[PDB]
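Peer 1: Build me a model from this:
(chains A, B and C)
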Amino acid sequence: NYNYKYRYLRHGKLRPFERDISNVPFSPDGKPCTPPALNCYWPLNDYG
Amino acid sequence: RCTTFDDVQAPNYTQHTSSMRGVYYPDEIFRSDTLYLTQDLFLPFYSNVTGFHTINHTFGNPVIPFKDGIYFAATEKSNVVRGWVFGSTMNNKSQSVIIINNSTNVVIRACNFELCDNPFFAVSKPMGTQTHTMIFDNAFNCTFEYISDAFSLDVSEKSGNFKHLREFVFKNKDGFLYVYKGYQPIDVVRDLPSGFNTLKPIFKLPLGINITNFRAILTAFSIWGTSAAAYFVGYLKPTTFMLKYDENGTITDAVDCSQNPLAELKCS
Amino acid sequence: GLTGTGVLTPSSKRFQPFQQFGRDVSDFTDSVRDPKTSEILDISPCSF
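Peer 2: Residues are numbered from 1 along each chain as shown, chains lettered A, B, ... in the order given. Below you will find the coordinate block:
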């Protein structure tokens, strides 16, 4: 069931009931990337 | 269409006293003839205020940070500078909320909303035509829209008093923007009047987004232009106030704790 | 939401429209608005 995803990375935790749909091409210190370059990632992930 | 203007004038970062303003009703609960403490995100007394004095050279709209809610005010002449842009990265990959008007009523909307680099309400100088209120541009992976009810909502340019001293406290709490309102009759030369204005709990919002970065929206008089108006911005901080309620049941005075040993003893 | 026991009477206020309760000295309700358009004080000491 590869439809729906979660995330598992953010620089910081969540203040309560604060929602973002912002899929960020993540890097460990900012760094606007086209992933999957080294230290250039996505946070979204399916379920299994 | 990232339409952008040019005549950018940035002032001396004009400073003002946060004289006695920022008090509102902390809950939805009446009391009478009493002295009630609370500790809540309030405007600190008597403190620094970044004024915004805008003229036909001075287009006051850079990026400003939220810092957990702002005290806001505007001294206007039929209420020119409607529109708040509240988001995180201020672009197409930012799920932001926007507070604008259809010149009759309030429309608020939250989604992925790309900004122009300097968009503009192309409002005419004798007419008031909101020509370019396009700004609800793109819509994918969206969240929210809301419509309140209509009232007297004017746009254009005047002369005389600063009759529209409107004061808007925008306070973040559990995804809940608390939006207050309050009215006061003034005409200052160009600064903050000395006095208080009790604010009232008009709006709460159920939204829940990472509100960090924001702008106001002006009106380009028609190329941009403005009249002799000014808007005020200050930051909020979680300190402790004593209010005072009359037997009429209205806030008449308040004293912060973290201001003055005089003030702290007053709330002690 | 309010239960309890007492002696009602109509309101005697300058009651604001957004408010509903009275909690007068310390969280002691003493004044309310009926949910079907009337306005009432609630002196809960029946007696004792």
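
Peer 1: Quick one: residues contacting the nearest residue to residue B:48 once chain neighbours are set aside.
Peer 2: Nearest non-adjacent residue to residue B:48, counting by C-beta to C-beta, 6 or more residues apart in numbering or on different chains: residue B:15, 5.6 Å away. No exception for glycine: its C-beta is placed from N, CA and C like everyone else's. Contact analysis of residue B:15 by C-beta atoms under 8 Å, 6 or more residues apart in numbering or on different chains lists B:48-51.

Peer 1: Residue B:180 too?
Peer 2: Counting by C-beta under 8 Å, 6+ apart, residue B:180 makes contact with B:24, B:167-169, B:171, B:199-203.

Peer 1: ok, back up a step: please convert the contacts of residue B:15 to CSV, extending it with secondary structure, neighbour count and distance to residue C:45.
Peer 2: Shown next, in CSV, are these (DSSP: H, G, I helix; E, B strand; the rest coil; neighbours: other C-beta atoms under 10 Å in any protein chain shown; distance: C-beta to C-beta, whole Å):
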residue, secondary structure, neighbour count, distance to residue C:45
B:48, strand, 12, 51
B:49, strand, 21, 49
B:50, strand, 17, 53
B:51, strand, 20, 54
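
Peer 1: For chain C, state which of those is nearest.
Peer 2: Nearest to chain C among the contacts of residue B:15, counting by C-beta to the nearest C-beta, is residue B:49 at 28.0 Å.

Peer 1: Check the gap between that closest one and chain A for me.
Peer 2: To chain A, residue B:49 is 26 Å away according to C-beta to the nearest C-beta, to the nearest Å.

Peer 1: which ones are touching that residue?
Peer 2: B:15-18, B:192, B:232-234.

Peer 1: how about 10 Å then?
Peer 2: With contact taken as C-beta atoms under 10 Å, 6 or more residues apart in numbering or on different chains, residue B:49 is in contact with B:14-19, B:21, B:43, B:71, B:73, B:191-192, B:232-235.

Peer 1: before we move on, what about residue B:252?
Peer 2: Neighbour list for residue B:252: B:23, B:196, B:198, B:243-246 [criterion: C-beta under 10 Å, 6+ apart].

Peer 1: ok, 8 Å please
Peer 2: Applying C-beta under 8 Å, 6+ apart, the residues near residue B:252 are B:244-246.

Peer 1: Need the buried ones from the contacts of residue B:180 selected in PyMOL.
Peer 2: A single PyMOL command suffices to select whichever of the contacts of residue B:180 are buried according to 16 or more other C-beta atoms under 10 Å in any protein chain shown:
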select buried, chain B and resi 24+167+168+169+171+199+201+203
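
Peer 1: Which ones among the contacts of residue B:180 also lie next to chain C?
Peer 2: B:200-201 (C-beta under 8 Å from any C-beta of the partner chain).

Peer 1: rewinding a little: of the contacts of residue B:252 - the most surrounded one?
Peer 2: Neighbour counts for those (other C-beta atoms under 10 Å in any protein chain shown) peak at residue B:245, which has 17 neighbours.

Peer 1: so which of the contacts of residue B:252 comes closest to residue C:23?
Peer 2: For the contacts of residue B:252, the closest approach to residue C:23 (C-beta to C-beta) belongs to residue B:245, at 11.3 Å.

Peer 1: can you pull up the bridge partners for the closest one?
Peer 2: On the basis of DSSP bridges, residue B:245 is bridged to residue B:34, residue B:251.

Peer 1: near chain C, which residues of the stretch 51-200 of chain B?
Peer 2: residue B:200.

Peer 1: what separates residue B:202 from residue C:26, distance-wise?
Peer 2: 28 Å (C-beta to C-beta, to the nearest Å).

Peer 1: same check, this time on residue B:81
Peer 2: Applying C-beta to C-beta, the value for residue B:81 to residue C:26 is 44 Å.

Peer 1: Kindly report the same for residue C:40.
Peer 2: Applying C-beta to C-beta to residue C:40 and residue C:26 gives a distance of 21 Å.

Peer 1: So which of these two has more stuff around it?
Peer 2: For the pair residue C:40 and residue C:26, the greater number of neighbours falls to residue C:40 (13 against 8), based on other C-beta under 10 Å.

Peer 1: my read is that one is in a strand, agree?
Peer 2: Yes. Counting by DSSP: H, G, I helix; E, B strand; the rest coil, residue C:40 is found in a strand.
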